[PDB]
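Novice: Have a look at this one before I ask anything.
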2 protein chains.
Amino acid sequence: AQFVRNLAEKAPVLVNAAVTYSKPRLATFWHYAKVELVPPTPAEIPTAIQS
Amino acid sequence: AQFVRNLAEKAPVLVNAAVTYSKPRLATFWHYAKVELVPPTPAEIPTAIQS
């Protein structure tokens with residue numbers, strides 16, 4: 001009852017820990033995804049068309 | 001009647017002459033329109049984005 005609610009508060013802390021562990025793995029994925037904040041360069045278009 | 005039909009045959013020759021005169025003026029328009037037989041180059045995209 002109230003103890004289960006207290007357990008839920010501990011579970012909320014556990015959920016925060018779950019978010020905490022997920023973020024660095026997500027940060028590694030972000031490092032791969034951080035290459036572009038704007039659309040890709042039209043500079044290598046020549047290389048691609050030539051290939 | 002038949003003379004009007006004969007006049008129509010002459011008119012058909014006149015229509016061919018009308019097509020004949022239109023084609024060189026159209027050819028000048030074609031010279032302006034003959035620049036691209038395929039989609040435009042992605043080479044100047046840099047110039048445009050920089051401008």
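Letters A, B, ... go to the chains of the structure tokens in the order shown; residues in each chain start at 1; ligands are counted from 1 in the same order.
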Least-squares align chain B to chain A using all Cα atoms paired by position, then dump the moved coordinates as a JSON list (two decimals) with N, CA and C atoms, in the first residue's frame.
Specialist:
```json
[["chain", "number", "residue", "atom", "x", "y", "z"],
["B", 1, "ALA", "N", 0.86, -1.21, 0.00],
["B", 1, "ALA", "CA", 0.00, 0.00, 0.00],
["B", 1, "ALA", "C", 0.89, 1.25, 0.00],
["B", 2, "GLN", "N", 1.02, 1.90, 1.15],
["B", 2, "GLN", "CA", 1.94, 3.07, 1.26],
["B", 2, "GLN", "C", 3.36, 2.58, 1.00],
["B", 3, "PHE", "N", 3.70, 1.38, 1.50],
["B", 3, "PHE", "CA", 5.03, 0.80, 1.26],
["B", 3, "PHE", "C", 5.22, 0.57, -0.24],
["B", 4, "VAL", "N", 4.17, 0.10, -0.92],
["B", 4, "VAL", "CA", 4.24, -0.08, -2.39],
["B", 4, "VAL", "C", 4.46, 1.29, -3.05],
["B", 5, "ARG", "N", 3.79, 2.32, -2.55],
["B", 5, "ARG", "CA", 3.98, 3.69, -3.08],
["B", 5, "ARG", "C", 5.42, 4.13, -2.83],
["B", 6, "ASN", "N", 5.96, 3.81, -1.65],
["B", 6, "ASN", "CA", 7.37, 4.14, -1.33],
["B", 6, "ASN", "C", 8.27, 3.37, -2.29],
["B", 7, "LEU", "N", 7.91, 2.11, -2.58],
["B", 7, "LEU", "CA", 8.69, 1.29, -3.53],
["B", 7, "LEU", "C", 8.63, 1.97, -4.90],
["B", 8, "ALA", "N", 7.47, 2.54, -5.24],
["B", 8, "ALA", "CA", 7.32, 3.26, -6.53],
["B", 8, "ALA", "C", 8.27, 4.46, -6.56],
["B", 9, "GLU", "N", 8.42, 5.16, -5.43],
["B", 9, "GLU", "CA", 9.37, 6.29, -5.37],
["B", 9, "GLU", "C", 10.79, 5.77, -5.63],
["B", 10, "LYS", "N", 11.13, 4.63, -5.02],
["B", 10, "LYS", "CA", 12.46, 4.01, -5.27],
["B", 10, "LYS", "C", 12.55, 3.61, -6.74],
["B", 11, "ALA", "N", 11.45, 3.09, -7.30],
["B", 11, "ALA", "CA", 11.41, 2.68, -8.72],
["B", 11, "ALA", "C", 11.64, 3.91, -9.60],
["B", 12, "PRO", "N", 11.09, 5.06, -9.20],
["B", 12, "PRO", "CA", 11.29, 6.31, -9.96],
["B", 12, "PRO", "C", 12.78, 6.65, -9.96],
["B", 13, "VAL", "N", 13.44, 6.48, -8.81],
["B", 13, "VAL", "CA", 14.90, 6.71, -8.75],
["B", 13, "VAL", "C", 15.60, 5.71, -9.67],
["B", 14, "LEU", "N", 15.13, 4.46, -9.68],
["B", 14, "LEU", "CA", 15.71, 3.42, -10.55],
["B", 14, "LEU", "C", 15.50, 3.81, -12.02],
["B", 15, "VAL", "N", 14.33, 4.37, -12.34],
["B", 15, "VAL", "CA", 14.04, 4.81, -13.72],
["B", 15, "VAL", "C", 15.01, 5.93, -14.10],
["B", 16, "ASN", "N", 15.30, 6.83, -13.17],
["B", 16, "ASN", "CA", 16.27, 7.91, -13.43],
["B", 16, "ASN", "C", 17.64, 7.29, -13.72],
["B", 17, "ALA", "N", 18.00, 6.25, -12.96],
["B", 17, "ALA", "CA", 19.28, 5.54, -13.19],
["B", 17, "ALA", "C", 19.24, 4.88, -14.57],
["B", 18, "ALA", "N", 18.09, 4.34, -14.97],
["B", 18, "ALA", "CA", 17.95, 3.70, -16.30],
["B", 18, "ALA", "C", 18.19, 4.77, -17.38],
["B", 19, "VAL", "N", 17.63, 5.96, -17.18],
["B", 19, "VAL", "CA", 17.88, 7.06, -18.14],
["B", 19, "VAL", "C", 19.37, 7.40, -18.10],
["B", 20, "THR", "N", 19.95, 7.40, -16.90],
["B", 20, "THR", "CA", 21.37, 7.80, -16.75],
["B", 20, "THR", "C", 22.29, 6.87, -17.54],
["B", 21, "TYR", "N", 22.09, 5.55, -17.48],
["B", 21, "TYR", "CA", 22.93, 4.54, -18.19],
["B", 21, "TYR", "C", 22.70, 4.65, -19.70],
["B", 22, "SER", "N", 21.47, 4.87, -20.14],
["B", 22, "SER", "CA", 21.13, 4.92, -21.59],
["B", 22, "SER", "C", 21.83, 6.09, -22.27],
["B", 23, "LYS", "N", 21.95, 7.24, -21.60],
["B", 23, "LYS", "CA", 22.48, 8.49, -22.22],
["B", 23, "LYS", "C", 23.91, 8.38, -22.77],
["B", 24, "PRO", "N", 24.94, 7.80, -22.11],
["B", 24, "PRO", "CA", 26.27, 7.66, -22.73],
["B", 24, "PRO", "C", 26.27, 6.77, -23.98],
["B", 25, "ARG", "N", 25.54, 5.65, -23.97],
["B", 25, "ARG", "CA", 25.42, 4.77, -25.17],
["B", 25, "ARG", "C", 24.78, 5.63, -26.26],
["B", 26, "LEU", "N", 23.74, 6.38, -25.90],
["B", 26, "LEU", "CA", 23.04, 7.30, -26.83],
["B", 26, "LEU", "C", 24.02, 8.38, -27.29],
["B", 27, "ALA", "N", 24.91, 8.86, -26.42],
["B", 27, "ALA", "CA", 25.92, 9.89, -26.75],
["B", 27, "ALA", "C", 26.89, 9.35, -27.80],
["B", 28, "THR", "N", 27.26, 8.07, -27.72],
["B", 28, "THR", "CA", 28.13, 7.43, -28.74],
["B", 28, "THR", "C", 27.38, 7.44, -30.07],
["B", 29, "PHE", "N", 26.09, 7.10, -30.06],
["B", 29, "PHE", "CA", 25.26, 7.14, -31.29],
["B", 29, "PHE", "C", 25.19, 8.59, -31.77],
["B", 30, "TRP", "N", 25.07, 9.53, -30.84],
["B", 30, "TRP", "CA", 25.02, 10.98, -31.17],
["B", 30, "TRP", "C", 26.34, 11.38, -31.83],
["B", 31, "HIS", "N", 27.48, 10.85, -31.38],
["B", 31, "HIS", "CA", 28.81, 11.23, -31.94],
["B", 31, "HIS", "C", 28.78, 10.87, -33.43],
["B", 32, "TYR", "N", 28.26, 9.70, -33.80],
["B", 32, "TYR", "CA", 28.11, 9.28, -35.22],
["B", 32, "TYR", "C", 27.11, 10.21, -35.91],
["B", 33, "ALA", "N", 26.04, 10.63, -35.23],
["B", 33, "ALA", "CA", 24.96, 11.48, -35.79],
["B", 33, "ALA", "C", 25.25, 12.98, -35.69],
["B", 34, "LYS", "N", 26.36, 13.40, -35.07],
["B", 34, "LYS", "CA", 26.66, 14.85, -34.82],
["B", 34, "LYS", "C", 27.39, 15.47, -36.02],
["B", 35, "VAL", "N", 27.66, 14.70, -37.07],
["B", 35, "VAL", "CA", 28.46, 15.18, -38.25],
["B", 35, "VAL", "C", 27.76, 16.34, -38.95],
["B", 36, "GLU", "N", 26.42, 16.34, -39.06],
["B", 36, "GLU", "CA", 25.67, 17.36, -39.84],
["B", 36, "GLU", "C", 24.61, 18.09, -39.01],
["B", 37, "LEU", "N", 24.70, 19.42, -38.87],
["B", 37, "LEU", "CA", 23.65, 20.27, -38.24],
["B", 37, "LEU", "C", 22.93, 21.03, -39.35],
["B", 38, "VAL", "N", 23.30, 20.81, -40.62],
["B", 38, "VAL", "CA", 22.75, 21.54, -41.80],
["B", 38, "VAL", "C", 22.81, 20.55, -42.98],
["B", 39, "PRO", "N", 22.18, 20.78, -44.16],
["B", 39, "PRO", "CA", 22.16, 19.79, -45.25],
["B", 39, "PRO", "C", 23.56, 19.47, -45.81],
["B", 40, "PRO", "N", 23.82, 18.30, -46.44],
["B", 40, "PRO", "CA", 25.18, 17.93, -46.87],
["B", 40, "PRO", "C", 25.82, 18.84, -47.93],
["B", 41, "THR", "N", 27.15, 18.93, -47.96],
["B", 41, "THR", "CA", 27.90, 19.82, -48.89],
["B", 41, "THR", "C", 27.64, 19.45, -50.36],
["B", 42, "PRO", "N", 27.55, 20.40, -51.33],
["B", 42, "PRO", "CA", 27.43, 20.08, -52.76],
["B", 42, "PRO", "C", 28.84, 20.06, -53.39],
["B", 43, "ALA", "N", 29.89, 19.84, -52.59],
["B", 43, "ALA", "CA", 31.29, 19.86, -53.00],
["B", 43, "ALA", "C", 31.75, 18.53, -53.57],
["B", 44, "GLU", "N", 31.28, 17.42, -53.01],
["B", 44, "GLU", "CA", 31.69, 16.09, -53.45],
["B", 44, "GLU", "C", 30.78, 15.54, -54.54],
["B", 45, "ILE", "N", 29.68, 16.22, -54.85],
["B", 45, "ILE", "CA", 28.82, 15.86, -55.96],
["B", 45, "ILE", "C", 29.67, 15.52, -57.18],
["B", 46, "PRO", "N", 30.69, 16.31, -57.51],
["B", 46, "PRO", "CA", 31.58, 15.91, -58.62],
["B", 46, "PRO", "C", 32.18, 14.53, -58.44],
["B", 47, "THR", "N", 32.73, 14.24, -57.25],
["B", 47, "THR", "CA", 33.32, 12.93, -57.03],
["B", 47, "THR", "C", 32.30, 11.83, -57.28],
["B", 48, "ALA", "N", 31.07, 12.03, -56.81],
["B", 48, "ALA", "CA", 30.06, 10.98, -56.92],
["B", 48, "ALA", "C", 29.63, 10.79, -58.36],
["B", 49, "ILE", "N", 29.36, 11.88, -59.08],
["B", 49, "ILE", "CA", 28.97, 11.76, -60.47],
["B", 49, "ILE", "C", 30.08, 11.12, -61.29],
["B", 50, "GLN", "N", 31.34, 11.43, -60.97],
["B", 50, "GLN", "CA", 32.44, 10.85, -61.72],
["B", 50, "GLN", "C", 32.58, 9.36, -61.42],
["B", 51, "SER", "N", 32.40, 8.98, -60.15],
["B", 51, "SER", "CA", 32.39, 7.56, -59.82],
["B", 51, "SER", "C", 31.26, 6.84, -60.53]]
```
Novice: Quick check for you: according to DSSP on this backbone, which residues of stretch 4-49 of chain B are classed as alpha helix (DSSP H)? Reply as a ChimeraX atom specification.
Specialist: /B:4-33,45-49
Novice: Go ahead and save the picked residues with N, CA, C and O atoms, as a short mmCIF file (atom, residue, chain, number, x, y, z; two decimals), in the first residue's frame.
Specialist:
```cif
data_model
loop_
_atom_site.label_atom_id
_atom_site.label_comp_id
_atom_site.auth_asym_id
_atom_site.auth_seq_id
_atom_site.Cartn_x
_atom_site.Cartn_y
_atom_site.Cartn_z
N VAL B 4 -13.72 27.69 -104.96
CA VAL B 4 -13.44 27.93 -103.53
C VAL B 4 -12.57 26.79 -102.99
O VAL B 4 -11.66 27.07 -102.19
N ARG B 5 -12.86 25.55 -103.40
CA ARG B 5 -12.04 24.39 -102.98
C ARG B 5 -10.62 24.55 -103.52
O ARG B 5 -9.67 24.23 -102.80
N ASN B 6 -10.50 25.02 -104.77
CA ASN B 6 -9.16 25.27 -105.36
C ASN B 6 -8.48 26.37 -104.56
O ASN B 6 -7.26 26.27 -104.33
N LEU B 7 -9.24 27.39 -104.15
CA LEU B 7 -8.68 28.48 -103.33
C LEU B 7 -8.20 27.89 -102.01
O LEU B 7 -7.17 28.34 -101.50
N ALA B 8 -8.94 26.91 -101.47
CA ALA B 8 -8.55 26.24 -100.22
C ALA B 8 -7.21 25.52 -100.43
O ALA B 8 -6.39 25.52 -99.50
N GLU B 9 -7.02 24.90 -101.60
CA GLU B 9 -5.73 24.23 -101.89
C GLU B 9 -4.61 25.28 -101.89
O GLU B 9 -3.54 25.01 -101.33
N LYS B 10 -4.87 26.45 -102.49
CA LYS B 10 -3.88 27.55 -102.48
C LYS B 10 -3.67 28.00 -101.03
O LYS B 10 -2.53 28.29 -100.66
N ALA B 11 -4.76 28.06 -100.25
CA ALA B 11 -4.67 28.47 -98.83
C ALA B 11 -3.81 27.46 -98.07
O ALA B 11 -3.08 27.88 -97.16
N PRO B 12 -3.93 26.17 -98.41
CA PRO B 12 -3.10 25.13 -97.76
C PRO B 12 -1.63 25.42 -98.07
O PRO B 12 -0.80 25.29 -97.15
N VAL B 13 -1.33 25.80 -99.31
CA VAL B 13 0.06 26.16 -99.67
C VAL B 13 0.47 27.39 -98.85
O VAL B 13 1.62 27.42 -98.37
N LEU B 14 -0.45 28.35 -98.69
CA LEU B 14 -0.16 29.56 -97.90
C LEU B 14 0.09 29.17 -96.44
O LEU B 14 0.98 29.77 -95.81
N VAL B 15 -0.68 28.21 -95.93
CA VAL B 15 -0.50 27.73 -94.53
C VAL B 15 0.89 27.11 -94.40
O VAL B 15 1.53 27.31 -93.35
N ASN B 16 1.33 26.36 -95.42
CA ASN B 16 2.68 25.76 -95.39
C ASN B 16 3.71 26.89 -95.35
O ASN B 16 4.71 26.76 -94.62
N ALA B 17 3.48 27.96 -96.12
CA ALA B 17 4.39 29.13 -96.10
C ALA B 17 4.37 29.76 -94.70
O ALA B 17 5.43 30.21 -94.25
N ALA B 18 3.19 29.82 -94.07
CA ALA B 18 3.08 30.39 -92.71
C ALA B 18 3.92 29.55 -91.75
O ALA B 18 4.63 30.13 -90.91
N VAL B 19 3.86 28.22 -91.89
CA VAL B 19 4.70 27.34 -91.05
C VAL B 19 6.16 27.62 -91.40
O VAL B 19 6.99 27.70 -90.47
N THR B 20 6.45 27.82 -92.68
CA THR B 20 7.85 28.00 -93.12
C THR B 20 8.47 29.25 -92.48
O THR B 20 9.63 29.15 -92.06
N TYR B 21 7.75 30.38 -92.44
CA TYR B 21 8.24 31.66 -91.86
C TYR B 21 8.38 31.53 -90.34
O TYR B 21 9.31 32.12 -89.79
N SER B 22 7.45 30.84 -89.67
CA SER B 22 7.44 30.72 -88.19
C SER B 22 8.67 29.94 -87.72
O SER B 22 9.23 30.35 -86.69
N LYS B 23 9.10 28.92 -88.45
CA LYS B 23 10.20 28.00 -88.00
C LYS B 23 11.54 28.69 -87.73
O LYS B 23 12.15 28.32 -86.73
N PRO B 24 12.11 29.61 -88.55
CA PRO B 24 13.37 30.29 -88.19
C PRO B 24 13.26 31.15 -86.93
O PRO B 24 14.17 31.11 -86.13
N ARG B 25 12.16 31.89 -86.75
CA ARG B 25 11.93 32.68 -85.50
C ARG B 25 11.91 31.68 -84.35
O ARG B 25 12.55 31.94 -83.32
N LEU B 26 11.21 30.56 -84.54
CA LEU B 26 11.13 29.47 -83.53
C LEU B 26 12.53 28.89 -83.32
O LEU B 26 12.82 28.53 -82.18
N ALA B 27 13.34 28.77 -84.37
CA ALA B 27 14.72 28.24 -84.30
C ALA B 27 15.58 29.16 -83.43
O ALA B 27 16.44 28.63 -82.71
N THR B 28 15.39 30.48 -83.51
CA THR B 28 16.12 31.44 -82.65
C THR B 28 15.71 31.18 -81.20
O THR B 28 16.60 31.08 -80.34
N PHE B 29 14.41 30.98 -80.94
CA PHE B 29 13.92 30.66 -79.58
C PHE B 29 14.53 29.32 -79.17
O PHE B 29 14.93 29.18 -78.00
N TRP B 30 14.62 28.37 -80.10
CA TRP B 30 15.21 27.03 -79.84
C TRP B 30 16.68 27.22 -79.47
O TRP B 30 17.10 26.53 -78.55
N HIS B 31 17.41 28.14 -80.10
CA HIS B 31 18.86 28.34 -79.82
C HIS B 31 18.98 28.70 -78.34
O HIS B 31 19.86 28.13 -77.68
N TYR B 32 18.11 29.59 -77.83
CA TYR B 32 18.10 29.96 -76.39
C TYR B 32 17.71 28.73 -75.56
O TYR B 32 18.27 28.58 -74.46
N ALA B 33 16.78 27.90 -76.04
CA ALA B 33 16.25 26.71 -75.32
C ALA B 33 17.09 25.44 -75.55
O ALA B 33 16.77 24.43 -74.90
N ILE B 45 26.09 24.89 -57.78
CA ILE B 45 25.39 24.91 -56.50
C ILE B 45 26.25 25.60 -55.45
O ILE B 45 25.74 26.43 -54.69
N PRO B 46 27.55 25.29 -55.36
CA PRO B 46 28.40 26.05 -54.43
C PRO B 46 28.36 27.55 -54.66
O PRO B 46 28.21 28.32 -53.70
N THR B 47 28.51 27.99 -55.91
CA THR B 47 28.47 29.42 -56.18
C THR B 47 27.17 30.03 -55.69
O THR B 47 27.17 31.11 -55.08
N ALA B 48 26.06 29.34 -55.92
CA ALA B 48 24.76 29.90 -55.57
C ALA B 48 24.57 29.96 -54.06
O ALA B 48 24.12 30.98 -53.52
N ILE B 49 24.91 28.88 -53.36
CA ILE B 49 24.78 28.88 -51.91
C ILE B 49 25.68 29.94 -51.30
O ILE B 49 25.31 30.60 -50.32
#
```
